[PDB]
Amino acid sequence: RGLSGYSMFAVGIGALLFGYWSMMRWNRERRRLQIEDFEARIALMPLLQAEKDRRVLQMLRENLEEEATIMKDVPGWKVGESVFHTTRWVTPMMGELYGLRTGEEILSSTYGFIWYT
Amino acid sequence: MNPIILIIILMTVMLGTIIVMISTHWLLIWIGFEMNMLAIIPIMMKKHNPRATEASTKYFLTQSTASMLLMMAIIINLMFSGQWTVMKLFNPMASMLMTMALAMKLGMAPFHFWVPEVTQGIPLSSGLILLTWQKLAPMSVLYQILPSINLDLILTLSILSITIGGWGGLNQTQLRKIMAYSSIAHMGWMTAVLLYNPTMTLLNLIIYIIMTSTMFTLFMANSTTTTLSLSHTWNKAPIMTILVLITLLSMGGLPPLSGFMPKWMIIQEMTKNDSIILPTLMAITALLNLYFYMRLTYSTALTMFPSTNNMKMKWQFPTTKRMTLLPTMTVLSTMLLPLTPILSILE
Amino acid sequence: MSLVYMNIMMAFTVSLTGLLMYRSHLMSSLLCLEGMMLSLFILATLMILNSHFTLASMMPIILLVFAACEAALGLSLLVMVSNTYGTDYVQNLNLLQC
Amino acid sequence: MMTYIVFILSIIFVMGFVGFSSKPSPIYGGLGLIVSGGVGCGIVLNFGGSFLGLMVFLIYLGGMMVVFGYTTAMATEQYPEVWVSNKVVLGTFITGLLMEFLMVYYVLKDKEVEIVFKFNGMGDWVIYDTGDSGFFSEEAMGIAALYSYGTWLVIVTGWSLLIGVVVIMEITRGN
Amino acid sequence: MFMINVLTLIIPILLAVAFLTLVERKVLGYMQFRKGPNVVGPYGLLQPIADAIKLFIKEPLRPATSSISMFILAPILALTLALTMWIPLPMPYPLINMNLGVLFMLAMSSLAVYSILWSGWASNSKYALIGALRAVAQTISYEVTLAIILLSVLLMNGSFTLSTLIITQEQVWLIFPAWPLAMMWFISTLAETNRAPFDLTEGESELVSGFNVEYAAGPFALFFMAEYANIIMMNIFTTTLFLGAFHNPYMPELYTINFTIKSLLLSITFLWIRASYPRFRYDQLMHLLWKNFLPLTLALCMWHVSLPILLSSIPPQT
Amino acid sequence: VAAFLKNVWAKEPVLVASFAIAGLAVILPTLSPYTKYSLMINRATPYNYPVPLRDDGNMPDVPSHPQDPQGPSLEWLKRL
Amino acid sequence: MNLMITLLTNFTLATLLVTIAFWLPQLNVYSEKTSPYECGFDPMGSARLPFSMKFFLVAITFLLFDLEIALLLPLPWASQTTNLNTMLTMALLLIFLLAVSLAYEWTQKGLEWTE
Amino acid sequence: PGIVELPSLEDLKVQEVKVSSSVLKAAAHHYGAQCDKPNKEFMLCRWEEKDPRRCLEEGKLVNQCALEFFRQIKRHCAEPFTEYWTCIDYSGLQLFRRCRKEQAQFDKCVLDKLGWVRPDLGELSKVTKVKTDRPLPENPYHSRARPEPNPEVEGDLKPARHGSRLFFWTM
Amino acid sequence: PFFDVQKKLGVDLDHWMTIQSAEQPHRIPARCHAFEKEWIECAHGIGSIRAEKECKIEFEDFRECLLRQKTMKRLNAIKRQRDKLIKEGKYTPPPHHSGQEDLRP
Ligand SMILES: CCCCCCCCCCCCCCCCCC(=O)OC[C@H](COP(=O)([O-])OC[C@H](O)COP(=O)([O-])OC[C@H](COC(=O)CCCCCCCCCCCCCCCCC)OC(=O)CCCCCCCCCCCCCCCCC)OC(=O)CCCCCCCCCCCCCCCCC
Ligand SMILES: CCCCCCCCCCCCCCCCCC(=O)OC[C@H](COP(=O)([O-])OCC[N+](C)(C)C)OC(=O)CCCCCCCCCCCCCCCCC
Ligand SMILES: CCCCCCCCCCCCCCCCCC(=O)OC[C@H](COP(=O)(O)OCCN)OC(=O)CCCCCCCCCCCCCCCCC
Ligand SMILES: CCCCCCCCCCCCCCCCCC(=O)OC[C@H](COP(=O)(O)OCCN)OC(=O)CCCCCCCCCCCCCCCCC
Ligand SMILES: CCCCCCCCCCCCCCCCCC(=O)OC[C@H](COP(=O)(O)OCCN)OC(=O)CCCCCCCCCCCCCCCCC
C-alpha cells in the first residue's frame, strides 16, 4: 500500500517550497516593521536624551547639595572634588547617582531591566 | 601513526608556535599555546607504551597549569589596562603570574621537575621537538614583555635553573635526562641575559637549538638512548664518535667552538650593566655541564668501551637513516665562533 | 576594585591550590582545571560586561571552547592511564623516576 | 541585602569551589562544580550576559555529565568519599569555608579589604552603567561579531577543534 | 499577585500529569484491545487520585547502601526541573518572559539529566548503576543534535525568544519550511524525554525498574510525575516551535485552546508511539543520532543559515 | 558517476541527502540575485541614531529634513 | 526577582512532597528490606566497581561537539550583520569543519563501541 | 583634582512632556517630521560637546518644541489621536501593525486639519545637515598638549666605523 | 621574536579586539572610550619609557575609569560618614533621598 517514493519526495519538496515562499514574504514584512519601530525610536530619542541629561544632572546636583551637609565635620574634605585629573564630562556611575538613595530605587534602577520577568 | 595525520599534527605544532610569534593579542597567544600543547601530545604518545603515557600526563598537567596562570595574568592585565596588546604588562601581579607561566612552559627551575621525566619517557625525535621547538613560543612572549619582567624573579629563575641543571646531569646515565638537565641550564643562561640584552637571548636560543638538534640527530643516527649504548659507537661508525666529541665539547662552552659564543656574549652584556658576581657564578656553574659532557666524551670518543660479538653483523649494514642536516648542524655547532659578529642580524 | 572580583579571584586561588595539591586521584584534579577555567570565564566576563567592551564578548566563549578542548584532551589521557592501570591514581605514574 | 545579590551568589560560587577543590570524589566534585557553574551563571547574568551565562551553564552541564560517566567508569573506588569520610577532605573543606567567611566578615565590617589587590566592600551594584543600550543587548552583538569580525578566530578555533578530535582519536588507540 | 500566577501554573500541571497517567493507561489499553481503568471513578476519573494517595502513604524504603543525601536530592531536583521548564513557554504569554527562553529550555534539559543520574548513582545498586550510565549514553546522543535542530528552526525566527515564535508563525506553520527538522526534532524529544522506543533508562525488559529501581513509593512518585511533566512541556514546546497557532491580542483564549488541543494531539502521538514500536538498544540509539540525524542536521544547518541570506528573508532580531 | 550515485542512494541515502543539501547551501547563495538584498536590508536597519552633520555650506547630497528628496531611500524595499 | 521566586516555589513544593512522603506513612525498618536489589538473591560484590564505558571515545568527542553549539549558536544574530558574505563563509566553514570532524571520526571507526 | 561644575536646580527646571511612552510612540513619526530642527540642533550639540551641561538650552528648545507639537494635536485632533495611542497602549510590545485603522484615521485627520505628511519607510533614519550658529568645539575631549615625538632618522647611511668593533674583529 | 606578519602582509588578524577604542559593532562605545583614546593618542610613537612617565596622568584617569577605585573609595567615605551621622542622629536625610519627591520627567 501507500504512495511511491517520487510522489512523497515531490510532496515534501513542494511543502518546503511553499514554506520558504511564505516565510520569505513574512520575514520581509517583519523587517519593514522593524525599520518602522526603529525610526519611531529614533524620532523619540532627542526628547529622551534631553530628559535623561536633565535627569542625571538633577540627581548629581542633589547628591552634591547633600554631600556638603554630610561632609561638614570631616577635616580636609573637598566637596564635589573630581577623582579624575581631566575636566571633561564623565558619564556618571551607578553609585554616583543612587549612592545616597533608598534600596528600592537602587534595585529598581540597577537590576530592574535584568530581573524584569 | 598515519603519515598524513603526522604531517597535520606537526604542522599544527608549528602553527601554534607561529600564532604565538606573530599575534598582537593576548587571547591569540593563549590559543597558540593551547594549540601547541594539544597537538604535541600525540607526538609524545607516538609509541603507545606506559612511559609515553606517563610523560604525556605529566606534560599535560604542567602545561595546563601554566596556561591557567597565563590566562589569569592576561585577565589581570585586562583589568588594569583595559586592552589586549602583546606588550609590557601593566601590573606586577600579572607580570609575576606570566613569568611563572612561561618559566613552567620552559621547564626552568624550580618548575623543572617535568623536563627529565617527560624527556626520558618519549622518543628521541619527540624529545628533540620538546627541547627545541617548544622553547620558541615562551621565549617569544618573554621577549615581548621584558619592560615588565621583575628583575629579581627572572634572575632567581635563571641562576636556579643553571645550578639545578648543572647538578642534575651529573647523576645521569640516560642520554635524554642528560639533554633535559642541559636544557634547564641553558634556559637559565638565556633568561639571565633577557633584561640586559635580549639579542643575546635569541643568540643563545639559536646556538642551543643547533647544538641540541645536532646531539639528538647523532643519537637517532646511532640509535642510542643510554650512555653505555652510545659507548659502542666506535665499533660501528667511528666518525660519529668524533662528531659527538666536537659537539659535546662545543656544548660545554669551550673555545674555539661556537658554544662558547653565547656564554661569552652573555658575560659581555652582564659586565656592562655592572653585574660581575652573577655571570661569574654562572660561568663557574657551567663547569658542571662541562663535566658530564666530558663524561660522555670519555665513554664515547676518548676511550673504547668493550663491545659485543653481534656488532660484527652491524658492520655489514650501512645507515639508511635520514640524518637530516647532520653535517650542516655539526659544522654550525662547532666552527661558527670566527663568525661571532653575525649576532647583529638578531637585533 | 569591586567586591565580586575578590571572590572570583578567591575561587581561582581555591581551585589553583586544589589542582596544585593532588589527592592521589587524577579525575579529582582534572575537575580543578575545569574549575580554573570556570573562574577565568566568570572573571574575564565580569570585566568585559562591566566596561561594555562588546567586541571582547566573543572572547569568553572562545576561552570556554579551549576549556573543553583541553579537558577532553585530559580525559583522552585519563583513559590511557586507566587502561595501563586499573585505577587512575597518580602514584602509579612514577616509572620515570630512575 | 538584596543589592548584594551578586556578592551572595559569589559566596555560593566560592563555597562550590571549596566543595570540589577539597576533592572528596569526582561524583561530589561534579556536584560542587555544577553548583558553582550554576551560581556563576547568576553572577554574570546580572551584568547583562544572559547569553554568556547560559552557555557556561550548559557547556559545563554536558561536561560534568561526561566527567560523571568517566568517574563511574574509570575513577571509581569501593567507598567513595562523600565530603567527610577523609579527615584531609573535611579539614581543608572547613578551612576553605572558614577563611572565605573570614574574608566576608572583614569586608562587610570594614567596607575595604586587601588581599593582594585592594577590594571595595560596597555592593557591586555601584559600578553599573546608568544608560541603556537601545534595541540590542551588546554582549549578543559582540558574540555575533565572531563571524563578521572574528574570522581568524573562527579559523584557529575550528582548526583546534578539528585537530582536537584527531588528536584524541590518535591518543585513545593503544597501538 | 505573581505568586498566584505561579500557583496557577504548577498546580494545573500537577493535575494534568495525574490525568495524563489515566489517559496513558486508557489509550494504551484501547490500542492493546483491552480497556483501561474504568472501575475507581466514573470511567476511571479517580484512578489518578487513587495512585496519588497510594504512593504517598507507602513506606519509602531508603536503602542501607544508598548515599542518602544524593538519594533524597535527586527526586527533588527532578520535580523541580520538571516544573521550572514551564515558565518561558508562551501560552500566549509566558510566566517569565525571557529574552533567551529557548536556551533556558535547553540548559534546564541538560540539568534535568542529573536527577536521573544522581538517583542511579546514589542508590548503590547494580541495576540502578546500569540505568544511570545509559542516561549518559542517551544524553551524549540526543544533545549533539537537540541544539542544532533548535538552532536551524530559530534561524527563521530571528532570536531565542519563544514569544517571538508566535509572530514568526503568523502566516504559515513553521513545520512547512522545516518538516525534516520537525520529524527529526520529534524523535530527538522522544530520545530526550525517555519515552519509548527510547526508554533505555527505565528499560523494563532489561533492567527491572532501571535507575529508580530502589526508589519505593513517595520518592518514586517524583520521578513518575516529573517525566510526564516533561512530556507535556515537551509537546507544548514542539507545538510552539512547529505548530504555532493564531494569536489574537484581544482574545488570548483562542490561542490557548488551539495550542492546547495541538499539544494534546502530540501527547496522544507519544502514547501512540509507546504502544506500537519495539524498543531500541542503547548503542543503536547512538548510531541513530550520530550516524543518521547528525549529518543531515549539519546539512540543514548549512541550508537554514544560507537560505535567509539567499532569499533576503533574514528574520528580525527585534 | 551515475552508477556510484545510485549505489550510494541505495546504501546510505541519508548521507546522499546530506551532501545534496550541503552542496546546495554552498553553491546556491552565489547563484541568487536576492543575496544582494539581504545585505541591503541589513545595512538599512537603523539600530543607532543617525547623528546629524554640521552644515558647512557645500553638501548637496545631505538633506536638511527627512522628508527632503535627497538622501538614501527605501523604495526598493517597499516594492521588492 | 520573579525568576528566583518561581524557582524557590518549585524547589519548595518539590521538597515538601518529599517531607510528607517520608514522615506521613508508618515506618517498619529491618535490615533485609533496605538491602540492595539483585532480583531476590544477594548482590555479588559492590556496585562501586568500575563499570567500563564502551562509548568513551564518543563521550570525549561529545565534549568537543558541544562546544560547536557555543560557536554555531550566535548565527541568528550573526545573520543581522552588514558584512554578510564573510559571516556566511565563516558559518559554512564552522559547520563544514564539524562535518569533516564527524567524517574523520566515522571512517577511523571512532563512532563504534569497543568489545 | 578640581571641583566638578554642575548647574543648579533652577537651571534644570523646564516644563516636561508629561505623557506616557505609548503617547510618544503613537505620535513619533509626526514628531520626527515636524520637530526636526531643534531636535537635530540638540543632538548635534550633544555629539559635538560630549557634555550634557553644555547642551541644556538646546535641550530646553526640544522641551519647548515637543509640547507645541502636542497642543497642536490637542487643539485639532485630540480624539482620533486618543483612540490611536490607546490602541497602541494596549499591546505589550506596542505594535504599529496591530493598530493600522486608528493610524489611518489619525493620519487622515492630521493631513486634513493640519497638513502633515507622515514620513515614509526610510526617511527618519537619514543623516541630515544642521545649520547652527554656535561654534565648533576646538577641544571637546578637554585634552592637553601631546608629547613631542622622538626625532626621526635622516642622512645617508654610511658604513660602520672600523666594522663591528667586537673585541678584535676588524670587519 | 615578534615576527610582525600582520603588518608585513597588511592583514588584520587580531588588531580589532586589541583595544576598546577600535571599530565596534553597531558603533557601541566602551565606558572608557574617551580615556583610552586620550591615553593612546598621548602615548603613540613616544615609546614605552617616555610613555610610562609623560602620559601618566591620562593612564591614571583611564585606570580609574576602568576599576573606579577612587570613586568607590570616595563613596565609601560619603556613605560611612552618612551612616555615622544617622547613628549619632545629627543628620536627617532629605525627602528626595527617601522617595517622596515626584521625580523629574
Ligand atoms: C680582482 C678581484 C679579485 C681579487 C682576489 C684577491 C684575493 C684572492 C683570494 C680570496 C679568498 C680569500 C683568501 C683569504 C684572505 C685572507 C684572510 C686571512 O688570512 O685573514 C687573516 C686573519 C686576520 O689577520 P690580520 O693580520 O689581522 O690581517 C690579514 C688580512 O689582511 C685580513 O684581512 P681582513 O681585515 O679583510 O680580514 C677580515 C677578518 C680579519 O680577522 C679578524 O678580524 C680577526 C678575527 C678572526 C676570527 C678569529 C676567531 C678566533 C676563534 C676561533 C678560532 C678557530 C680555530 C682556528 C683555526 C683552526 C683550523 C681550522 O677576518 C674575518 O672576520 C674572517 C675570519 C677568519 C677567516 C679568514 C679566511 C679563511 C678562508 C679559508 C678558510 C680555511 C680555514 C681557516 C681557519 C678556520 C678558522 C678561521 O687571520 C686570522 O684571523 C688568523 C687565522 C688565519 C686566517 C685564515 C687563513 C686563510 C688561508 C688558509 C690556507 C690554509 C688552509 C688549510 C686547511 C684549512 C685549515 C685546517
Ligand atoms: C514535529 C511534529 C511531528 C513531525 C513528524 C513526526 C511524526 C512521525 C513519527 C513516527 C514514529 C517514529 C517513532 C520513532 C522511530 C525512530 C526510528 C527512526 O525514525 O529512524 C530514522 C531513520 C533511520 O533509518 P535507518 O536506521 O534504517 O538507516 C539505515 C542507516 N544505515 C544504513 C547506516 C544502517 O531515518 C532517518 O534517519 C531519516 C530522518 C528524517 C529524514 C528527512 C529527510 C528530508 C528530505 C531530505 C532530502 C531528500 C531529497 C534529496 C535532496 C534534494 C535536494 C533538492
Ligand atoms: C629566535 C627564533 C628562531 C627561529 C628559527 C627557526 C628555524 C627552524 C626551526 C628550528 C627549531 C628546531 C627544529 C627541529 C625540531 C625537531 C624536528 C623533528 O623532530 O623532526 C622529526 C625527524 C625525525 O627523524 P626520523 O629519524 O625520521 O624519525 C624516526 C621516527 N620519529 O627529524 C629529526 O628529528 C631530525 C632533525 C630535523 C631538524 C633539524 C634542523 C633544523 C634546526 C637546526 C638548525 C638549522 C640551521 C638554520 C636555522 C637556525 C635557527 C634554529
Ligand atoms: C546541592 C545541590 C543543589 C541544591 C539546590 C538546587 C536549587 C535549584 C537548581 C536548579 C535551578 C538552577 C538555576 C540556574 C540559573 C538560571 C538563570 C535563568 O533562569 O536565566 C534565565 C533568564 C534569562 O532571561 P534574560 O535573557 O536575562 O531576559 C531578561 C532581560 N530583559 O534570566 C532572567 O530572566 C533573569 C532573572 C534573574 C536571574 C537571577 C540570577 C540567577 C539565579 C541563580 C540561582 C542559583 C542557581 C543554583 C544552581 C544550582 C545547580 C545545581
Ligand atoms: C561539497 C558540499 C559540502 C560537503 C561537505 C559537507 C557535508 C555536510 C553533511 C555532514 C556529513 C558528515 C558526515 C559525513 C561522513 C562521510 C564519510 C562516511 O561516512 O563514509 C562511509 C559511508 C558508508 O558507510 P559505511 O562505510 O558502511 O559505514 C559503517 C556504517 N554502515 O560512505 C558513503 O556513504 C559514501 C560517501 C561518499 C559518496 C557520497 C556521495 C553524495 C553525492 C550527493 C550528490 C552530490 C552533492 C554535491 C557534492 C559532491 C559529492 C561527491
# chains A, B, ... in the order shown; residues from 1 in each chain; ligands from 1

call {"tool": "residues_near_ligand", "arguments": {"ligand": "ligand 5", "cutoff": "10 Å", "atoms": "only C-alpha atoms and all ligand atoms", "output": "count of residues only"}}
result
60

call {"tool": "select_by_dssp", "arguments": {"residues": "chain G", "states": "alpha helix (DSSP H)", "output": "PyMOL selection string"}}
result
chain G and resi 2-15+19-22+56-71+75-78+84-107

call {"tool": "residues_near_ligand", "arguments": {"ligand": "ligand 1", "cutoff": "10 Å", "atoms": "only C-alpha atoms and all ligand atoms", "output": "VMD selection string"}}
result
(chain B and resid 255 to 258 260 to 261 334 to 341) or (chain H and resid 162 to 171)

call {"tool": "write_last_selection", "arguments": {"atoms": "N, CA, C and O atoms", "output": "mmCIF file, in the first residue's frame"}}
result
data_model
loop_
_atom_site.group_PDB
_atom_site.id
_atom_site.type_symbol
_atom_site.label_atom_id
_atom_site.label_comp_id
_atom_site.auth_asym_id
_atom_site.auth_seq_id
_atom_site.Cartn_x
_atom_site.Cartn_y
_atom_site.Cartn_z
ATOM 1 N N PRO B 255 86.184 27.245 24.088
ATOM 2 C CA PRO B 255 86.725 27.791 22.850
ATOM 3 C C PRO B 255 87.605 26.761 22.166
ATOM 4 O O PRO B 255 88.131 25.856 22.828
ATOM 5 N N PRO B 256 87.785 26.843 20.841
ATOM 6 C CA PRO B 256 87.331 27.843 19.873
ATOM 7 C C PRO B 256 85.995 27.500 19.226
ATOM 8 O O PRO B 256 85.795 27.795 18.050
ATOM 9 N N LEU B 257 85.091 26.896 19.986
ATOM 10 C CA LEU B 257 83.868 26.327 19.444
ATOM 11 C C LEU B 257 82.710 27.301 19.614
ATOM 12 O O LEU B 257 82.780 28.250 20.395
ATOM 13 N N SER B 258 81.632 27.056 18.863
ATOM 14 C CA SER B 258 80.550 28.032 18.795
ATOM 15 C C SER B 258 79.701 28.057 20.051
ATOM 16 O O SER B 258 79.019 29.054 20.298
ATOM 17 N N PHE B 260 80.908 28.295 22.948
ATOM 18 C CA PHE B 260 81.492 29.366 23.739
ATOM 19 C C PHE B 260 80.941 30.728 23.337
ATOM 20 O O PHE B 260 80.986 31.659 24.145
ATOM 21 N N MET B 261 80.397 30.843 22.118
ATOM 22 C CA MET B 261 79.861 32.110 21.617
ATOM 23 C C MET B 261 78.741 32.722 22.458
ATOM 24 O O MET B 261 78.832 33.928 22.745
ATOM 25 N N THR B 334 80.051 23.740 15.769
ATOM 26 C CA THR B 334 81.443 23.673 16.187
ATOM 27 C C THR B 334 82.302 24.796 15.633
ATOM 28 O O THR B 334 83.159 25.313 16.344
ATOM 29 N N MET B 335 82.097 25.195 14.387
ATOM 30 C CA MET B 335 83.017 26.087 13.701
ATOM 31 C C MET B 335 82.373 27.417 13.355
ATOM 32 O O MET B 335 82.557 27.944 12.261
ATOM 33 N N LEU B 336 81.618 27.991 14.278
ATOM 34 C CA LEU B 336 80.919 29.224 13.979
ATOM 35 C C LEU B 336 81.457 30.412 14.763
ATOM 36 O O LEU B 336 81.095 31.549 14.450
ATOM 37 N N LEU B 337 82.356 30.176 15.726
ATOM 38 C CA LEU B 337 82.932 31.254 16.533
ATOM 39 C C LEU B 337 83.688 32.349 15.764
ATOM 40 O O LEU B 337 83.552 33.519 16.161
ATOM 41 N N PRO B 338 84.455 32.087 14.684
ATOM 42 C CA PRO B 338 85.006 33.221 13.913
ATOM 43 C C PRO B 338 83.958 34.089 13.245
ATOM 44 O O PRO B 338 84.270 35.213 12.836
ATOM 45 N N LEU B 339 82.729 33.602 13.122
ATOM 46 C CA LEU B 339 81.592 34.385 12.675
ATOM 47 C C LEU B 339 80.757 34.892 13.839
ATOM 48 O O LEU B 339 79.540 35.005 13.705
ATOM 49 N N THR B 340 81.380 35.148 14.989
ATOM 50 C CA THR B 340 80.636 35.653 16.145
ATOM 51 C C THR B 340 79.920 36.992 15.928
ATOM 52 O O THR B 340 78.765 37.104 16.375
ATOM 53 N N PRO B 341 80.463 38.014 15.189
ATOM 54 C CA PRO B 341 79.652 39.224 14.983
ATOM 55 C C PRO B 341 78.453 39.087 14.048
ATOM 56 O O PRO B 341 77.853 40.101 13.688
ATOM 57 N N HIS H 162 85.081 51.249 11.354
ATOM 58 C CA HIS H 162 86.007 50.152 11.651
ATOM 59 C C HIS H 162 85.282 48.831 11.870
ATOM 60 O O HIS H 162 85.705 48.004 12.678
ATOM 61 N N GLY H 163 84.180 48.625 11.158
ATOM 62 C CA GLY H 163 83.468 47.368 11.220
ATOM 63 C C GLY H 163 82.618 47.182 12.456
ATOM 64 O O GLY H 163 81.912 48.095 12.886
ATOM 65 N N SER H 164 82.684 45.988 13.039
ATOM 66 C CA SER H 164 81.779 45.627 14.119
ATOM 67 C C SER H 164 82.241 46.146 15.471
ATOM 68 O O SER H 164 81.397 46.373 16.346
ATOM 69 N N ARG H 165 83.558 46.334 15.642
ATOM 70 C CA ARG H 165 84.193 46.703 16.913
ATOM 71 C C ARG H 165 83.831 45.732 18.031
ATOM 72 O O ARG H 165 83.497 46.133 19.146
ATOM 73 N N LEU H 166 83.886 44.442 17.733
ATOM 74 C CA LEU H 166 83.583 43.404 18.710
ATOM 75 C C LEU H 166 84.898 42.723 19.061
ATOM 76 O O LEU H 166 85.337 41.801 18.383
ATOM 77 N N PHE H 167 85.591 43.304 20.029
ATOM 78 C CA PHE H 167 86.785 42.835 20.729
ATOM 79 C C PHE H 167 88.049 42.685 19.897
ATOM 80 O O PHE H 167 89.102 43.169 20.310
ATOM 81 N N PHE H 168 87.945 42.122 18.695
ATOM 82 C CA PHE H 168 89.096 42.015 17.812
ATOM 83 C C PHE H 168 88.708 41.845 16.355
ATOM 84 O O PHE H 168 89.588 41.750 15.496
ATOM 85 N N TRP H 169 87.416 41.782 16.055
ATOM 86 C CA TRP H 169 87.005 41.540 14.679
ATOM 87 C C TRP H 169 87.135 42.835 13.901
ATOM 88 O O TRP H 169 86.392 43.792 14.135
ATOM 89 N N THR H 170 88.094 42.860 12.978
ATOM 90 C CA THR H 170 88.399 44.050 12.202
ATOM 91 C C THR H 170 87.423 44.280 11.058
ATOM 92 O O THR H 170 87.521 45.311 10.385
ATOM 93 N N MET H 171 86.501 43.355 10.816
ATOM 94 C CA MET H 171 85.351 43.631 9.966
ATOM 95 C C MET H 171 84.059 43.434 10.746
ATOM 96 O O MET H 171 83.798 42.350 11.265
#

call {"tool": "residues_around", "arguments": {"residues": "residue B:78", "least_positions_apart": "5", "cutoff": "10 Å", "atoms": "only C-alpha atoms", "output": "list in words"}}
result
residues 26, 72, 73, 83, 84, 85, 89, 90, 91 and 94 of chain B; 44, 47 and 48 of chain C; 19 and 66 of chain I

call {"tool": "residues_around", "arguments": {"residues": "stretch 41-48 of chain A", "least_positions_apart": "6", "cutoff": "7 Å", "atoms": "only C-alpha atoms", "output": "ChimeraX atom specification"}}
result
/F:49 /H:28-29,31-32,39,43,62-63,124

call {"tool": "closest_residue", "arguments": {"among": "E:1, E:275, E:9, E:108", "to": "ligand 4", "atoms": "only C-alpha atoms and all ligand atoms"}}
result
E:108
